[PDB]
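Chemist: Structure in structure tokens, see below.
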Amino acid sequence: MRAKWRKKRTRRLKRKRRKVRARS
Amino acid sequence: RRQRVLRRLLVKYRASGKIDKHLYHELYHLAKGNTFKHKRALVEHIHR
Amino acid sequence: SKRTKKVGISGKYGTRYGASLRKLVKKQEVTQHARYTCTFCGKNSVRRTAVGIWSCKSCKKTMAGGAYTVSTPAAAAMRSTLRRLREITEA
Amino acid sequence: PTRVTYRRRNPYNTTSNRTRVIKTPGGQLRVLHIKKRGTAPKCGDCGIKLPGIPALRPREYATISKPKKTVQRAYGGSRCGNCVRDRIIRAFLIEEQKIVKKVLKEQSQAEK
Amino acid sequence: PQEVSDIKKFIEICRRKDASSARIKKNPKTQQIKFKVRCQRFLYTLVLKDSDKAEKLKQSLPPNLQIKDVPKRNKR
Amino acid sequence: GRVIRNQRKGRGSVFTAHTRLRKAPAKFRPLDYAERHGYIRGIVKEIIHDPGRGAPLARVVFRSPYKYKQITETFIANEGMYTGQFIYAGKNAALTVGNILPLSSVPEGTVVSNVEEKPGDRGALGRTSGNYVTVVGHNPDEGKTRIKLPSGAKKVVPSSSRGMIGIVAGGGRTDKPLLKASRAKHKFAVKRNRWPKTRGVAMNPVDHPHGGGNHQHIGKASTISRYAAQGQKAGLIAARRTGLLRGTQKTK
RNA sequence: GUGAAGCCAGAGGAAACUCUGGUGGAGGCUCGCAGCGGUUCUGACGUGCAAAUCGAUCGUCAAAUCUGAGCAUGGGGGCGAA
RNA sequence: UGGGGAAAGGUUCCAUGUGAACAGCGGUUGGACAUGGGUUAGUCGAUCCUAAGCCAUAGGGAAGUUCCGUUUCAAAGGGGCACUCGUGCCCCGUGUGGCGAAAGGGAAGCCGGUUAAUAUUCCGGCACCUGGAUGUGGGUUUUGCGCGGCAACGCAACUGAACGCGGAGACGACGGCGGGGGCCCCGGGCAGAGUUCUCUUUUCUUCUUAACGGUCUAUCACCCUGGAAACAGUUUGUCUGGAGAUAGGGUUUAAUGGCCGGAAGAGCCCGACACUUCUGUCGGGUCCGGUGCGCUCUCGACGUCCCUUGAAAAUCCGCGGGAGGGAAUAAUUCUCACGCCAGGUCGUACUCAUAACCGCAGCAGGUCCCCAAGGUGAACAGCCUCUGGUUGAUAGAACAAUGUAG
Ligand SMILES: [Mg+2]
Ligand SMILES: [Mg+2]
Ligand SMILES: [Mg+2]
Ligand SMILES: [Mg+2]
Ligand SMILES: [Mg+2]
Ligand SMILES: [Mg+2]
Ligand SMILES: [Mg+2]
Ligand SMILES: [Mg+2]
Ligand SMILES: [Mg+2]
Ligand SMILES: [Mg+2]
Ligand SMILES: [Mg+2]
Ligand SMILES: [Mg+2]
Ligand SMILES: [Mg+2]
Ligand SMILES: [Mg+2]
Ligand SMILES: [Mg+2]
Ligand SMILES: [Mg+2]
Ligand SMILES: [Mg+2]
Ligand SMILES: [Mg+2]
Ligand SMILES: [Mg+2]
Ligand SMILES: [Mg+2]
Ligand SMILES: [Mg+2]
Ligand SMILES: [Mg+2]
Ligand SMILES: [Mg+2]
Ligand SMILES: [Mg+2]
Ligand SMILES: [Mg+2]
Ligand SMILES: [Mg+2]
Ligand SMILES: [Mg+2]
Ligand SMILES: [Mg+2]
Ligand SMILES: [Mg+2]
Ligand SMILES: [Mg+2]
Ligand SMILES: [Mg+2]
Ligand SMILES: [Mg+2]
Ligand SMILES: [Mg+2]
Ligand SMILES: [Mg+2]
Ligand SMILES: [Mg+2]
Ligand SMILES: [Mg+2]
Ligand SMILES: [Mg+2]
Ligand SMILES: [Mg+2]
Ligand SMILES: [Mg+2]
Ligand SMILES: [Mg+2]
Ligand SMILES: [Mg+2]
Ligand SMILES: [Mg+2]
Ligand SMILES: [Mg+2]
Ligand SMILES: [Mg+2]
Ligand SMILES: [Mg+2]
Ligand SMILES: [Mg+2]
Ligand SMILES: [Mg+2]
Ligand SMILES: [Mg+2]
Ligand SMILES: [Mg+2]
Ligand SMILES: [Mg+2]
Ligand SMILES: [Mg+2]
Ligand SMILES: [Mg+2]
Ligand SMILES: [Mg+2]
Ligand SMILES: [Mg+2]
Ligand SMILES: [Mg+2]
Ligand SMILES: [Mg+2]
Ligand SMILES: [Mg+2]
Ligand SMILES: [Mg+2]
Ligand SMILES: [Mg+2]
Ligand SMILES: [Mg+2]
Ligand SMILES: [Mg+2]
Ligand SMILES: [Mg+2]
Ligand SMILES: [Mg+2]
Ligand SMILES: [Zn+2]
Ligand SMILES: [Zn+2]
């Protein structure tokens, strides 16, 4: 799969992780 | 047209059982040569 | 039912280019359109693709040969010379 | 027997201006512009078309799920499967020939 | 447009946040009744051959969304 | 007068070479450590035909001794090579058809092809359909080898030059007549702009030295001196002799 | 319109090989529409429709055939089947 | 001499009005004159990529305007992470610019209606693509990254970094043969129309189904059992078979095929009532078969010709490999279903020619393409007709010579 497809998926995971740390 | 008519008839005879494969194969090459003028001439040759 | 007495394959040229010139080209055309037995699979299906390329229609092997023949007398004579020279001298 | 016309500015028949005739629910004869036909992918070694994979233009393959684009085995795409069996057999026998060659050379010629 | 095969999941479709509206069309000549619902992306259609079950279906679906009758010769 | 035809060909505007359909040039591998001391082998993938040439080309795939990849090459194919064949290159390579090994590791009397004038220039001599060169003798001290070229001349090359065993494929291409004006056009239409060609005697005096006249004739000796100004060399240049070749040719 | 290689069947012969009927669809082959070209009437017009056109009659027509846009060669230079 | 376009023209397009001038006669008419009006796009093009080719950079020539040079004797690049905060770290490295196609390569829109003048854009209905954010359902896991089939392979999902291999984009001319859509042709039925001194169960017209999806199927090829000479299968055209045929049973590439949605609510054809107009309302019908060396477009399997073998790049996917990461009460980097947001810039009127372009002009000249009905006939020949389009080229009277054409 092309690189932009992989960058979007890993960027999503990073955003989800920061929100959890901010909440907890 | 004539080649298709003769070849179609021979397939019908073999499946039903009127002739076996050894006579079928010989008649096939006889039809490729200009031997049988029409459908009636071919069935008459089969009877003999 | 032979359709020709002597002209043969080079009958497509009609009455042009002179009798002698048609004979030389016929000598070379006959041998390039024929079929040769494969040296690998053994079937009788090898035909020329390019000016010096021959390939088998069954086993898909491709070999480089002569212009209008699978092999040339000069090239054939060299394999025997090379084989004979190599094996006695080094063995 | 009504005649038709193009619907775009290109007036030439240039292998990218492809049309087919349809009849519309309004009882008229029109022209509908269509794309080109996809080609089935071929095998890596032999060069024949692989079975079980559809034929589309190169861009549409990005919208289809993975299981529809492959076959569940080693070298799922790009290899027919007859060639895959040849690889398995050829690889196994070659290594076995290597074992006997080294034992024969190491033992029978380095015993001194 | 997409078929809904049976009754059970059609009411499931109508119980969605984006089910804007719905309508009923009946064809007297062929003795057929069609139920259509309009969602965000598709327009699901349910086909009923009988007429008795049509009455039960009309009242089972949620009362929030509207139901129409699709008269003849809709005005432009 | 004006500029004659054979003076214009040097400007390179219309008389250039057509190179759209040619993929790569034909060369050996660069001289490297592996091929100077041992040998490496590669697979023959395809036998292809490129326009404007006889002698069908061959594509060979080698590995890389320093990096995780493989390199494809392009050779001139000797008669008898086949797809899937293993061919070897190096100093210790075996002596079979298709191998590439330095000219020193070769007995006298063998025919080779694509011989390097100097070690490392990747092929200069004997690379046309059905041609080859022959080794004659060695000089183990001050290493140098005598060879015989297709024209008959003899040459001495350094002993480290390379060559590929066998005869260039393509055989006797030039035996059957072209027989048709169109066939000649197709042959040249993929090489250069040199067909057809006009006789100089039918031109006008402003165009060519052979010029005009009330009869078509040259008017003066057709053998031109070796040192003449450009625009004068139209004819037999620096001819040693002339006429039908009856006897044998002393030069060798 | 003509009907080259390859293929099928029958007949003759000691053999080498030769006859007859079909099949097939090769060629800078051929008659002939559109296109392209421009032989004759030394026709029409010749202060013309036109600073090269019009009519009848003609040459070639599956190949060295006809053609659009993009790019290159510039004056003692270019290009030229001359 | 019909219906639409490329180059070129630039308001010639539509409405209302008009004395002169122009339309080689007239003129109430006009492509003329005067005053107003008209060209709506995430889906059609440009924009993106490269071809022949052109021009910067490193360097060398020339008194100089400038000439050569395009990877060349160059220290020439880009990727990831974390910090309160930009300014701090860590890998890889052979290579490293732009311009150049409205006919090449290429993500995505179809039907109905509407204006004096535009619409694949505006209105109504039903869809799709790319990019960016996020939640529910279902899936997987305590044997940590799914099951089934001998097999070809199947299904709604079903981890995969560096580096590497392969496929698609991606390609000639001609010849006969077979399948599909459209058109033409023949028979029956329901409506309306023409003809009728006599004949004709007669002659003519209407009877339509889009994009986008679901489901069942269609040549080549491939897999399993088995083992062929009294050789067999088989094309219009002799190719195929112990390197595994015939035969029996299976898997799969390819709808412009059948049925259902969309969709009869639409469009079209008749009949019966309403009336200054703003205005209409309500009834019925919208079927069933046959034929072929027919015409046109498209797809597939074979074959012929070459000292001729018939472009490149952007872009997209699969595989080899195993870096990293992750649950037992939830976690989850699940390419599955549904849902949330956004898509900028310029062109779009009209002619394309015996009057809108070039020939001094409203000139018998010249200028690249798409669609293609009936009869006679070998036929895109010539001659007659239907749909659609014109009836425009200064006119009236007489019929000597000499002319041009027949
Ligand atoms: Mg990658
Ligand atoms: Mg794996
Ligand atoms: Mg050289
Ligand atoms: Mg020339
Ligand atoms: Mg000459
Ligand atoms: Mg002269
Ligand atoms: Mg002179
Ligand atoms: Mg002189
Ligand atoms: Mg003479
Ligand atoms: Mg001819
Ligand atoms: Mg003309
Ligand atoms: Mg005259
Ligand atoms: Mg006069
Ligand atoms: Mg004339
Ligand atoms: Mg006459
Ligand atoms: Mg004539
Ligand atoms: Mg051209
Ligand atoms: Mg000057
Ligand atoms: Mg001069
Ligand atoms: Mg001068
Ligand atoms: Mg010329
Ligand atoms: Mg018009
Ligand atoms: Mg008016
Ligand atoms: Mg006037
Ligand atoms: Mg007047
Ligand atoms: Mg007036
Ligand atoms: Mg007007
Ligand atoms: Mg005006
Ligand atoms: Mg939107
Ligand atoms: Mg587009
Ligand atoms: Mg843009
Ligand atoms: Mg770029
Ligand atoms: Mg420059
Ligand atoms: Mg400088
Ligand atoms: Mg550009
Ligand atoms: Mg294009
Ligand atoms: Mg819209
Ligand atoms: Mg709309
Ligand atoms: Mg999306
Ligand atoms: Mg869950
Ligand atoms: Mg993988
Ligand atoms: Mg192309
Ligand atoms: Mg058809
Ligand atoms: Mg007909
Ligand atoms: Mg009827
Ligand atoms: Mg339908
Ligand atoms: Mg249909
Ligand atoms: Mg079978
Ligand atoms: Mg329906
Ligand atoms: Mg209706
Ligand atoms: Mg009605
Ligand atoms: Mg007819
Ligand atoms: Mg056509
Ligand atoms: Mg328009
Ligand atoms: Mg036109
Ligand atoms: Mg004109
Ligand atoms: Mg006709
Ligand atoms: Mg007829
Ligand atoms: Mg006609
Ligand atoms: Mg008109
Ligand atoms: Mg008069
Ligand atoms: Mg008179
Ligand atoms: Mg007269
Ligand atoms: Zn073979
Ligand atoms: Zn394979």
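Positions of Cβ are generated from backbone atoms using ideal geometry, with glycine treated the same way; all protein chains shown enter the neighbour counts. Every number here is computed from the coordinates shown, using simple stated rules; none is lab data.
Chemist: Sort out the exposed loop GluC sites (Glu not before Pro) in chain F (DSSP loop, at most 14 other Cβ within 10 Å) and tell me the longest stretch that has none.
Modeler: Values: sites that count: F:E108, F:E117, F:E142.
Counting only loop sites that pass the neighbour cut-off, the longest clear stretch is F:143-252.
Chemist: Can you sort F:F28, F:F188 so the residue with the fewest Cβ neighbours within 10 Å comes first?
Modeler: Final ranking by Cβ density, sparse to dense: F:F188, F:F28.
Chemist: Connecting C-alpha atoms closer than 10 Å in a GNM of chain C, tell me which of C:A34, C:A19, C:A64 has the biggest fluctuation.
Modeler: C:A19
Chemist: Test of the criteria: in segment F:50-86, which trypsin sites (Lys or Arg not before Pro) are in a DSSP loop and have at most 11 other Cβ atoms within 10 angstrom of their Cβ? Show your work: numbers first, answer last.
Modeler: Values: sites: F:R53, F:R59, F:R63, F:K67, F:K69; in loops: F:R53, F:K67, F:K69.
Counting only loop positions with at most 11 other Cβ atoms within 10 Å, the trypsin sites (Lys or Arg not before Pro) in segment F:50-86 are F:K67, F:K69.
Chemist: Going by C-beta contacts inside 10 Å, put B:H29, F:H138 in order with the fewest on the left. Could you put the intermediate results ahead of the total?
Modeler: Values: B:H29 9, F:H138 16.
Listing B:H29, F:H138 from fewest to most nearby Cβ atoms yields B:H29, F:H138.
Chemist: With unit charges on the beta carbons (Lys and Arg positive, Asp and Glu negative) and the dipole taken about the Cα centre of the protein assembly as shown, which residue among D:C43, D:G27, C:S58 sits farthest to the positive side?
Modeler: Selected residue: D:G27.
Chemist: Determine which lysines satisfy two conditions relative to B:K21: a Cα distance under 26 Å, and not lying fewer than 8 residues away in the same chain.
Modeler: Excluding near neighbours in sequence, the set is B:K12, B:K32, B:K37, B:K39.
Chemist: List the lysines whose alpha-carbon lies under 22 Å from that of C:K5, not counting same-chain residues fewer than 8 positions away?
Modeler: Answer for C:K5, where 22 Å is the Cα cut-off: C:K23, C:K26, C:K27, listed by chain and number.
Chemist: From the P(r) of chain E, can you give the percent of Cα pairs sitting at distances over 20 Å?
Modeler: On the way: 790 of 2850 pairs.
The answer is 28 percent, as a whole percent.
Chemist: Cross-link list F:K118/F:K154; E:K8/E:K36; A:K7/F:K67: which exceed 19 angstrom alpha carbon to alpha carbon? Present the calculation step by step, with values, prior to reporting the outcome.
Modeler: On the way: F:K118/F:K154 16 Å; E:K8/E:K36 15 Å; A:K7/F:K67 29 Å.
Among F:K118/F:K154; E:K8/E:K36; A:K7/F:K67, the Cα-Cα distance tops 19 Å for A:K7/F:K67.
Chemist: May I pose another question? Hey, can you grab everything whose amide H is under 5 Å from the amide H of E:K25? Only 5+ residues off in sequence or another chain; H modelled, so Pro and N-termini drop out.
Modeler: Amide H to amide H, under 5 Å and 5 or more residues apart or across chains, E:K25 pairs with E:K34, E:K36.
Chemist: Where the centre of each part is set by its Cα atoms, how far does chain A sit from segment F:194-252, in angstrom?
Modeler: Rounded to whole Å, the Cα centres lie 83 Å apart.
Chemist: Report the one residue of F:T96, F:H217, F:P177 whose Cα lies farthest in the direction of the positive end of the charge dipole of chain F (charges on C-beta: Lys and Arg +1, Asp and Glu -1; origin at the Cα centre).
Modeler: F:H217
Chemist: Next question, about the same structure. With +1 on each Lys and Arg Cβ and -1 on each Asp and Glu Cβ, how big is the dipole of segment F:141-239 about its Cα centre, in debye rounded to the nearest 20? If you can, show how the numbers build up before the last one.
Modeler: Numbers: 20 positive and 4 negative charges, 82 e Å.
Charge dipole, segment F:141-239, about its Cα centre: 400 debye, nearest 20.
Chemist: Normalised radius of gyration for segment C:1-75, please: alpha carbon Rg relative to 2.2 N^0.38 Å, two decimal places.
Modeler: Values: Rg = 15.1 Å, N = 75, 2.2 N^0.38 = 11.3 Å.
This ratio for segment C:1-75 stands at 1.33.
Chemist: Please give the average number of partner chain Cβ atoms lying within 10 Å of the Cβ of each residue in C:69-79, rounded to a whole number.
Modeler: Working: counts 2, 3, 3, 7, 1, 7, 12, 2, 0, 10, 5.
Neighbouring Cβ atoms belonging to other protein chains average 5 per residue here.
Chemist: In this model, which of D:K98/F:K45; D:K68/E:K53; A:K4/F:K27 are farther than 29 Å apart at the alpha-carbon?
Modeler: Values: D:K98/F:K45 25 Å; D:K68/E:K53 40 Å; A:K4/F:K27 41 Å.
Listed pairs above 29 Å: D:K68/E:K53; A:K4/F:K27.
Chemist: Further question: Using the alpha carbon gyration tensor of segment F:107-236, what are the three equivalent-ellipsoid semi-axes (square root of 5 times each eigenvalue), largest first, in whole Å? Mind showing how you got there, number by number?
Modeler: On the way: eigenvalues 356, 100, 32 Å².
For segment F:107-236, the semi-axes come out at 42, 22, 13 Å.
Chemist: Provide F:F75, E:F42, E:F10 in ascending order of the number of other Cβ atoms located within 10 Å of each residue's Cβ, fewest first.
Modeler: E:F42, E:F10, F:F75
Chemist: Cα centroids of segment F:62-87 and segment D:51-104: how far apart, whole angstrom?
Modeler: Using only Cα atoms, the two centres lie 23 Å from each other.
Chemist: On C-alpha positions alone, give me the angle between the axis of helix C:73-90 and the longest principal axis of chain C, in degrees, nearest 10.
Modeler: Result, in degrees: 10.
Chemist: Can you tell me the FRET efficiency between C:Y17 and F:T223 if r is taken as the Cβ-Cβ distance and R0 is 30 Å, rounded to the nearest 0.05? Display every interim value, and only then the final one.
Modeler: Numbers: r = 35 Å, r/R0 = 1.16.
E(calc), rounded to 0.05, equals 0.30.
Chemist: Would you work out which of F:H186, F:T128, F:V14 lies farthest towards the positive end of the dipole of chain F, given +1 charges on the beta-carbon of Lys and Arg and -1 on that of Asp and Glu, about the Cα centre?
Modeler: So the residue furthest toward the plus end is F:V14.
Chemist: Taking a virtual spin label 7 Å from the Cα of E:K68 along the C-beta vector, which residues in segment E:18-46 bring their backbone nitrogen under 20 Å of it?
Modeler: In segment E:18-46, the label zone of E:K68 (backbone N under 20 Å from the point 7 Å along Cα→Cβ) covers E:18-28, E:33-46.
Chemist: Choose one answer from F:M203, F:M81, F:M164: the residue with the largest mean-square fluctuation in a GNM of chain F with alpha-carbon springs under 10 Å.
Modeler: Result: F:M203 has the largest fluctuation of those listed.
Chemist: If you don't mind, another one. Charges at C-beta only: +1 for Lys and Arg, -1 for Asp and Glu. How large is the resulting dipole of segment F:1-101 about its Cα centre, in Debye rounded to 20?
Modeler: Values: 19 positive and 6 negative charges, 148 e Å.
Approximately 720 debye in magnitude.
Chemist: Further, regarding this structure: Measuring from label point to label point, each 7 Å out along Cα→Cβ, what is the F:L21 to C:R86 span in nm?
Modeler: It works out to 3.6 nm between the two label points.
Chemist: Under the rule of at least 5 residues apart or a separate chain, name every residue whose amide H is placed under 5 Å from the amide H of F:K144.
Modeler: For F:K144, whose amide H was placed from the backbone, the distant partners under 5 Å are F:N139, F:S159.
Chemist: Using only Cα atoms, find the angle between the long axis of helix C:19-32 and the longest principal axis of chain C, and express it within 0 to 90 degrees, rounded to the nearest 10.
Modeler: Taking Cα atoms only, the helix is inclined about 40 degrees.
Chemist: Which residue, F:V61, F:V44, F:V201, tops the fluctuation ranking in a GNM of chain F built on C-alpha contacts under 10 Å?
Modeler: Fluctuation is largest for F:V201.
Chemist: While we're looking at this one, here's another question. Starting from the Cα of D:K36, draw a straight line to each of the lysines and keep only those under 21 Å, dropping any in the same chain fewer than 8 residues away.
Modeler: List returned: D:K49, D:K69.
Chemist: How many Cβ atoms of partner chains, on average, are near each residue of F:204-211 if near means within 10 Å of its Cβ?
Modeler: Numbers: counts 0, 0, 0, 0, 0, 0, 0, 0.
Counting other chains' Cβ atoms within 10 Å and averaging over F:204-211 gives 0.
Chemist: Is there a quick way to get the dipole size of chain D? I mean about its Cα centre, with the Cβ of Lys and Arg at +1 and of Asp and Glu at -1; what is the value in debye to the nearest 20?
Modeler: Numbers: 28 positive and 7 negative charges, 211 e Å.
With only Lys, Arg, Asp and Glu charged at Cβ, the dipole is about 1020 debye.
Chemist: Moving on. Could you pull out the pairs from C:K57/D:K66; C:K60/F:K185; F:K191/F:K233 whose alpha carbons sit more than 29 Å apart here?
Modeler: Details: C:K57/D:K66 36 Å; C:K60/F:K185 33 Å; F:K191/F:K233 25 Å.
As for pairs spanning more than 29 Å Cα to Cα, those are C:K57/D:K66; C:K60/F:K185.
Chemist: Plugging the Kirkwood radius over Cα pairs into Stokes-Einstein for the protein assembly as shown, at a temperature of 10 °C and a viscosity of 1.306 mPa s, what D comes out in µm²/s? Display every interim value, and only then the final one.
Modeler: Working: Rh = 35.1 Å.
Translational diffusion coefficient: 45 µm²/s.
Chemist: Using a 10 Å cut-off around each Cβ of peptide C:84-91, what is the average number of partner chain Cβ atoms that fall inside?
Modeler: Averaged over the peptide's residues, the number is 2.
Chemist: With viscosity set to 0.692 mPa s at 37 °C, what whole-number translational diffusion coefficient in µm²/s follows for segment F:172-252 from Stokes-Einstein and a Kirkwood radius over Cα pairs?
Modeler: Values: Rh = 16.4 Å.
This corresponds to a translational diffusion coefficient of 200 µm²/s.
Chemist: Can you list the chymotrypsin sites (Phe, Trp or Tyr not before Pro) in segment D:11-112 that are in a DSSP coil and have 11 or fewer other beta carbons within 10 angstrom? Write out the running numbers ahead of the final one.
Modeler: On the way: sites: D:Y12, D:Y61, D:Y75, D:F92; in loops: D:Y12, D:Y75.
Those satisfying the criteria are D:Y12.
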